[PDB]
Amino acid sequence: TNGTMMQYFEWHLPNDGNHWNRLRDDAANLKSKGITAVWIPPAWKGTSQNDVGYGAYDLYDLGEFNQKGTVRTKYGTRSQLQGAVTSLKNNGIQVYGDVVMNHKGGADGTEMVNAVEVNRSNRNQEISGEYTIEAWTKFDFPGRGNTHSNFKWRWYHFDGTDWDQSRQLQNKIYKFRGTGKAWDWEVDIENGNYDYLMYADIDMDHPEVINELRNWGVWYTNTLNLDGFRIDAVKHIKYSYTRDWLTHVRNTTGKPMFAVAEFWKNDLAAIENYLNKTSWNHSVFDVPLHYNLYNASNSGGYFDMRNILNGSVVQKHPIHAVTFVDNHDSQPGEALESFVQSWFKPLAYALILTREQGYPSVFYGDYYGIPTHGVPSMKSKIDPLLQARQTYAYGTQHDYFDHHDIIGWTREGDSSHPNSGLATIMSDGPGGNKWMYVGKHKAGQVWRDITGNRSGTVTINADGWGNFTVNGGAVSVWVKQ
């Protein structure tokens, strides 16, 4: 069956502690709509209750201990989280947990550390001599104590920080001194070594760090019975470390543990180098395709639809790419904002859901909407597309990316899925028609538009060709009536 995951969260979810409860009660529904895997938001304690989770204070606190002014995380308690995972599991849905290992924020205390300032545009270059700063690198976890783990963090487990409590100076990046201290290598090259990003940067070359995060990885997997991971900020993390961390977890638990890393860079060559350096042992989000979809939706129809897949990861690396329309990085208001316009969104979803290449992901923000930024729920338009993927998107595929506005592709379906086979067509401009081959053995069949956009039927001729139609700025997916 065609796998389909769902990012079950967006950046502006309410801080009401009922998100795990919602996931729990949505499990049965998700299963019926075709979702086979769910990527849950950071389940640990952030810098505050409000934290989306990427602040990453305590990875062993899943809304179980009183820390950072709260017991529950933004999403709920450990109990409520476990209830959600159980619900998904009982409904046959896999669970992918988010993983944040690049840094830690909200240190319990400070430490005086010898450091040097570095060029923020070239972290390889030091711009100050050595001197002592007060850095937030002490993590004792008073609320948790040693429950689950007695590992405590100190300055030497980090490579640097961006804040000196003593001399509160802005626009600074500090690199810690010490034997062997240096920015980790084989990370993105923007700003000449993008090891540092925010908060206290974790030293991926320190032996205790390597062993500890690996131990945490397995504890995390076993505690929540995870089936996979969504790995955060991989371009800022030692490439070989991530590769080996994953292998360690797979080796220890014995589970395949699917994993998709977010290497956020609209650069195919950079992502390909990342896959190479990680020995292709996990997939990556197709960020390049995201920008293609964004640009097409932003072109008022002037985008050349023939090249919508050009430069994407899924075009050259189909089984190592997780395709997506939007996510918390691109939604309205965020730094990397590049939200795919709603008029084009159904087309984008048809692109990633009805084609054979890539592992598609549905964005919670798109499905249930983003109330805070006026983005309406588009499940009514996505549900039919998920239906098409679930029962009709199978078999040999034929592509027709031969027109600047109207493009499409077909699937001949296969014996393993009854009535399977489809023909999606879309136009980022005026509507029209296109003759497409769905298979001679389908001769005589009468197809209909599962999206409901076009109300008539299309009959496949004796040669297996059908003249499919589509409306302006829309998509139609024809299937056996």
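Start at 1 and count along the sequence shown; that's the residue number.
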Legend entry - 368-376 versus 164-172 - greater average Cα B-factor per the deposited record: 164-172
Inset, instruction - May I ask you to compare 212-220 and 104-112 by their mean CA B factor in the entry and name the higher one? - result: 104-112
Legend entry - Maximum C-alpha temperature factor, selected from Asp402, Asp244, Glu262, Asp195: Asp402
Inset, instruction - Quick one: which of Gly358, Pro288, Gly395, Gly228 shows the highest Cα temperature factor in the PDB entry? - result: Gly395
Legend entry - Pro14, C-alpha B-factor rank within chain (lowest, middle or highest third): lowest
Inset, instruction - Sorting the chain's modelled residues by C-alpha B-factor, tell me whether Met5 ends up in the lowest, middle or highest third. - result: lowest
Inset, instruction - For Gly69, return the chain-relative third of its C-alpha B-factor as stated in the PDB record: lowest, middle or highest. - result: middle
Inset, instruction - Tell me, lowest, middle or highest third: where does the Cα B factor of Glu412 rank within its chain? - result: highest
Inset, instruction - Using the B-factor values recorded in the entry, state whether the Cα atom of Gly145 falls in the lowest, middle or highest third among the modelled residues of its chain. - result: highest
